[PDB]
């Protein structure tokens, strides 16, 4: 449209405001009618359920912003949606909508996915403060109710707290996204669109788990065991740990995954191939011995995110008074050794600003390893579904090519293209 | 008006949104042209500056609520405003307005005062969730920007956090108030308008200071020394300390103030009349706390900012906390927490304690809006105990009880321990 | 001994100091050679393994205190010890002794049990400050190494932290106990010997779990779900929740257990009988009932089989404290450090909290006391008389006791499960 | 003596144990008779009060350790003591002794000073665990009562907590020191005696104030304003801030002091020089503007040790002032507990933080070193050799020392103010 052409030309705010908002737009989405299609199936191929096509543009609520999405990224919640697992997302959309008012727009026969993105503001509701058409933004997933009392103690704790594009519609894997003003932050000027896009969900989550006072809250000198360290979450967890003056010990399962974590500066590396009932107890003793060997003590904090076997082990190997922080699901390993387990996901608007400030300074860098065009977004989802990636897989949306969107080139030069892209061209 | 009549009659939501909003309303307020009137004056008599008259009704922003105010209260920020101290509130209003957009409405030649209240919702902006016309509400004063990151970590810490009716316009000492929806909580059903109205600010403030994890965070068994315990803050502080299993020790400056403090179940009472001089007075105070309570205080609760603040620092136990709004600091490893107000989360927690009757209102007097200036003066001259309420649109006392069975179970006497009490 | 008589007649400091220390003392104990006696045995009857007899008086270490034990209590760890489950305690004693030095003494062919007690100091080591013979004390179980850096941030967190009479020898189910000076607090004067001895382990455990900043850290207004509320841990938990202005909700499995919990001031009560993939559904019905009774989902779930249920029912951002896409916390805890035990002791001293004592046996009958706990026939706490010849002794503040009331102090007298 | 000869030549544990303890030792000390000597004197030259001479060797308490001191350092409390200001330390030594028992030894007509040190264990009390003659230690100043409940929640918070060599006798500025075993940590092997000795007091202090959960507790990204950045505290403050991913902003008052701070990796620097309580508000205004220009926002933590009022003003809403308007926290702190000291020691052991040593004096010239600190001529820390006859000794892991490099470990060598 004239609007996308104006955004891509980087036109003035008055030009953007003058260009008309189109009636529909191109979006990676699911269809309600397909919710049951994988009923019998062992391998729920994500490419079978995913559609790319025109969906209707919704009316903007007063506290919402319409964002022309330049790039987005694949997340695991995207893979789960497309699998319809473990409950199809249309159930979440109906729940959302039972609130009434503006929330009823979320209940549609279609669901636009995508929980991250970078882009350009094109419209704001009349209750939106500061943001204007033309502004470069990042969007993080915490879609919350600022009227709820719990939100004012912790953005993540509200009963209405939702993940954008997973439990809400109008997500990022599209030409346009609809978001609350409290999901928006200024784009780090020195990054490309795709670079900026891959961070908010994964880096924010890791930040909450590790740095923030609402998580493990590490300190310099802590030893941190990081499971699945070469993936999206582990890639930022390694970086926050080094930056904080901690000592990361990564667990990987392959030569290539080992190479990825070394690229992020994790030199203490354990290969899962030594080992991974009574065998869980034993394996834990093996693991604990290796951490002491490599780092000097048992870990102070264990970081885990599969929710599989690694969770039980985490509890075993954490030091007495240690903390396990987790995402995804012998009593004496808990109470006898006085340990703590912190269940965490996402991050509130304050934490995401803190995470952003760390990218704005270059203290932390994006974990982008691959870029797919929006026309190939289904295959990028499959690649994440089959664990063929290290770090993050970005998707160009409205951006017609890679390398666009840098508005502080001098800074980018100072920091270094390669420093900024440690995982470029790497896979699993 | 037909709107006020509809509200006062207990009409349906339909009836309320059918009744037109008036273009002016009656409000206790200050005039910009008067900000210099106490230049040179010793007694800055609030009755000289405070005006009661009609003021233009503003347009409602998307996230705002027009509240028909039933009852309000006098707070010390109200007194300070009327004194144009320490800076005229008009400087805060112009700073507010520099944000632009909807904030420009706050910069007027008039300032409608009032920082808490109870009332009935009459209009809501198109971005307001859940609230509807006819809903019984309380308003607390945390007027904050929900778009700011810091707000989602602690409502009080945003750059744009303001005290309603002090750093914003359209406060509660008026027939109507304009509030952000994140200032609203359901009214406790068993309370009258005036009872409900006296708490949010002072009780909220003490909650954050004493109970919340953002303040001193008392535990059962803590000894808490409470300066100026008979006033608005201390009345609620005594309640939170007892409710949580703590041991309150009150400081008062008269027999009638002692009576008020005893009325709230504080039985350990110290009179000021018992007293480099500061260092000596401090050791005297610490001796008395050990006599009465068994150890030095764990937390000291301070709020005049006068001599009590140096003393607090002295008498707090090693590793202790002074909450307020040289070797005694670092050698004894003490903590000072500066605080005021309360965020929307703390205010809800405070509301739930009033809702179950675990704590009760500290209302001691009630004035009609026609006499609100004299009520302000009573507070300025410290002739009150607890809280002074102001009836706004409520035409008499005792209205607004919508849970009479609960009220009767708690005891109307139990709900009003400070009834009829004064400081003189 | 002339020592036991002097203590009982309430003699002087000098008189206790003049009376010699016998070379053996009477003690409830296990034998290392018995460790295998229950092999292939389903009911591990503790009456079969518990011995009552003479054991020799060990040498006193510099930082230790010899306590003439007036009363003790039964705790879960005594039962487990007497079953030799899951590992015999003789393995623990041996691990202790490996330190060398003074720890060597713990490695014995016998094991004197007992983790709480009350009594009278009779000897102090040359490195012990303040305490002198004649002093009335309670003893709590935290036997810690004050040389470890960890101990100086949190007494429970040292690698050498051990439970007295479980992982150490010379426990409190005997006429005397040897403790480290940092296990000692003054006895609440208004209480009898048996009343004071029931609390330290269980009330300190609950204090850390609920009150302390090292646990879930309740505030007034919190809804706290308490599993197994009529037992020893649960009896103090209810009391701390109520005293801190919280709202307790108790789960019980019988009508007499509901009786014990209501005696302690818990008016919101849930029977375990009101009620794979069925864990989630059972979660939903438990959560519905808590909202029905208390008004909201619980802020804290106090757990000690039901761990997974506790995780389901806690609110978003809630806490599950346990002793054996959500935002929940789980805190594993046992014991209490010396600081938390002193804070606990002060709540008993003011009468804000009362002992959970329900029954009393002489030391002659402690194996039966141990069986009662083993078979879950108690509510609250079972006391054992050690050197005290009768109940009712050791009150040294009569006017406070009359004021608080013997009744109020004994809400669980004679009750059973 | 033959003991000191054995220590210096590297004799075995049993050889140390066998060489007798001398009756007197050489110590830097104050005399009680001199306590009025500066009446009406403005410049209380510490070189007039300080004596170096033989003093009697005390009896060793069961929980104590005798240390042959290889090196020590000057601290502000040493200066203050030698000035008898504001109160003669002899008044602390009497208050201490008032506890009785083993504390009586502290009340003497002399007072040996020195609050940190490194050296070699020579004797242990019968209650001391693990340590052996021959072991290389550092000593930190937290002299604490391990029996008091508070110690077990936080080592610094007990009523009996004292500064070694300042509120206790038998300090580090002598050939021997007497310490509690709870003051000892293993010596970082790659360091010299003198390098290891300068850190424990100041580095532990800054650790508590900034890294620990008992102080300001910085996170990566925090902007920290550091007043008087070039001194002993500020030198370690800068290091911890950088190592924790924080952004330090140093305030210095001369170009030489600016040189010291940049040698420690602080790139953001403000000169004091740049300019009623309305004047402190105005000075606050310009300060805050300078921090925003250099760092990007107002400071999250102000590290303060005249400037207190300014620190309160410049802190952000919700910010912290840590010290040794409407929503701010002020944390008073000094020292570090035994746990914080070990965490501090661990960052030295890895090379993450380096000693802040700027100069070395022999014990013979220690009064001169004290005058240097009294007159603020120093940057960082001044070390004193005690039993070590020369510099460069005491490294026992020279491979790590080579990896890290002598210059990296000594960024402030040869510098002054």
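Chains: A, B, C and D, in written order; residue numbering restarts at 1 for each.
In the analysis below, a contact is a pair of C-beta atoms (placed from the backbone, for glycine too) under 8 Å apart; a residue touches a chain by one contact, two chains touch by 3 or more.
When the interfaces A-B and A-C are ranked by C-beta pairs in contact, the top one is A-B.
Here the spacing of chain C and chain D, counted between their Cα centres, is 42 Å. Chain B and chain D have centres, each the mean of its CA atoms, that are 47 Å apart. Residue numbers of chain C whose C-beta contacts span two or more other chains: 150, 154.
Interchain contacts join each chain to each other chain, per the touch definition above. All chain pairs that touch, listed by label, are A-B, A-C, A-D, B-C, B-D, C-D.
Those residues of chain A lying in contact with chain B across their complex are 61-63, 99, 101, 125-130, 142, 144-147, 149-155, 181-182, 185, 348-354. By the touch criterion stated above, chain C contacts chain B in their complex at residues 211-213, 217, 219-221, 240, 243-245, 343, 346-347, 350, 352. Across the complex, chain A is touched by residues 150, 154, 156-157, 159, 307, 316-317, 322-334 of chain C.
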